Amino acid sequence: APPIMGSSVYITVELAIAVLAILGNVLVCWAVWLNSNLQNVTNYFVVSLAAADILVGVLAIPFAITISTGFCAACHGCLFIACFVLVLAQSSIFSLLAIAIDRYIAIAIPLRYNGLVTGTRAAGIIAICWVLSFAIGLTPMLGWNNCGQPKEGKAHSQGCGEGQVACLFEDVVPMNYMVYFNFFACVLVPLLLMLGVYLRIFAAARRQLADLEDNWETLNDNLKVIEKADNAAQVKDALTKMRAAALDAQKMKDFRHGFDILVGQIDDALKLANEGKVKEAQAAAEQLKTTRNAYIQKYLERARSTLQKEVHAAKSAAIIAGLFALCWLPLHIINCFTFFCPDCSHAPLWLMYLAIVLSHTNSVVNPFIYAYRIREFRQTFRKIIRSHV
């Protein structure tokens, strides 16, 4: 069948994807720009990721359409339009890895996050990652390419000029680069590192939540021990365990006030215990319950609510990392079959184009994930569209 027919379908789908990638990710950038509640280090990497996806629509998809025609081109010019998308994919990987690491720092050492993770450092890291993305993605332009071995019969059949080749991705980009360097080293390894970071994030969240409820249980258990104690020494033992835990749990004004009352009331009871005044110590310790109800439970619940939101933000980020993998793995896997199985028939052209458009679909999906999973984005999206569009 005439190639322009299947080409028309491929090109039309690509153009549709390009429109959606531009519109959705422009909206992401506009939201971060407009809403100061969205201006944090995490979302600067989100913006860098949206910028890469905007350039997929503006440049990479037009380049992909061009290289599907096999037009006559100087080989290194053909190389650039083939490889530019690798720059954008690599930048996306760096942004996704940075987002994961940022969220791990926030959950594991929240006390030093704001001093460690600053806007100026994020902007410098983003700049560095874009430079490294060009070096990685344009590495074929430094000489790891097939321009030295042009397909002269294909060039002559298409009427190409001297020094020109039919511009086709797999004719100019070496497959060993795509499999060993681009896929294994530059894509697979960072994605696996991301998985490890997310596993540590969720394990850290689970441990901290367990410790909060466990510390609550230890506090309440020890009150019962004091109540049903029969000498002052048993009261002393339990209060000593309560006092060390209270100082451990203190590590905002009513928060500090609540713990000041709590530690003071424990010291009050411990002093009576050490005088052998059991009944007064048990009565003194009952006062702790008023402090527990008015203060400690509010701190516990707020700490629980903060940790659960951190789980929610890490899950949303992990979904976006997983969707990148889901959209890009088929094309990489196909390249692995082409490279490792020369006895296998090449994947058919229709499947090649399905795998290409699928990888381009990833530049559409993140704005939807933010809208459905992050209220602050969803509300900002609403105000921008309603008050303008």
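In this text, residue numbers run from 1 along the sequence as written. Here, rigid core means the biggest group of C-alpha atoms that superpose within 1.5 Å across both forms.
**Q** If the other structures are each fit on the rigid core, which stretch ends up farther away in C-alpha terms in 8 other deposited structures of this protein, 238-246 or 123-131?
**A** Of 238-246 and 123-131, the stretch deviating more in 8 other deposited structures of this protein is 238-246.
**Q** Counting only other entries that model residues on either side of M252, is it left out in at least a third?
**A** Counting only entries that model residues on both sides, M252 is unresolved in at least a third of them.
**Q** Scan the PDB entry between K251 and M252 and report the missing deposited residues as one of none, 1 to 3, 4 to 9, 10 or more.
**A** A long stretch, 10 or more residues, is missing between them.
**Q** Looking at the deposited entry, does 206-214 or 172-180 carry the larger mean Cα B-factor?
**A** For C-alpha atoms only, the mean B-factor is higher in 206-214.
**Q** If you average the CA temperature factors as listed in the entry, which stretch comes out higher, 148-156 or 181-189?
**A** Averaging CA B-factors over each stretch, the winner is 148-156.
**Q** Looking at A166, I126, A281, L97, which has the biggest Cα B factor in the entry?
**A** Among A166, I126, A281, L97, the highest C-alpha B-factor in the entry belongs to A281.
**Q** Please pick out which of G77, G258, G137, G119 has the largest Cα B-factor as recorded in the entry.
**A** By C-alpha B-factor in the record, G258 ranks first.
**Q** Looking at the C-alpha B-factor of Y295, is it in the lowest, middle or highest third of its chain?
**A** Its C-alpha B-factor belongs to the highest third of this chain's values.
**Q** Using the temperature factors of the C-alpha atoms in this entry, rank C29 within its chain: lowest, middle or highest third.
**A** Middle third - that is where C29 ends up once the chain's C-alpha B-factors are sorted.
**Q** Based on the entry's values, in what third of the chain does the Cα temperature factor of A106 lie: lowest, middle or highest?
**A** Its C-alpha B-factor belongs to the middle third of this chain's values.
**Q** Based on the entry's values, in what third of the chain does the Cα temperature factor of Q308 lie: lowest, middle or highest?
**A** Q308: CA B-factor falls in the middle third of its chain.
**Q** What third of its chain's C-alpha B-factors does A273 belong to: lowest, middle or highest?
**A** Highest third, going by the recorded CA B-factors of the chain.
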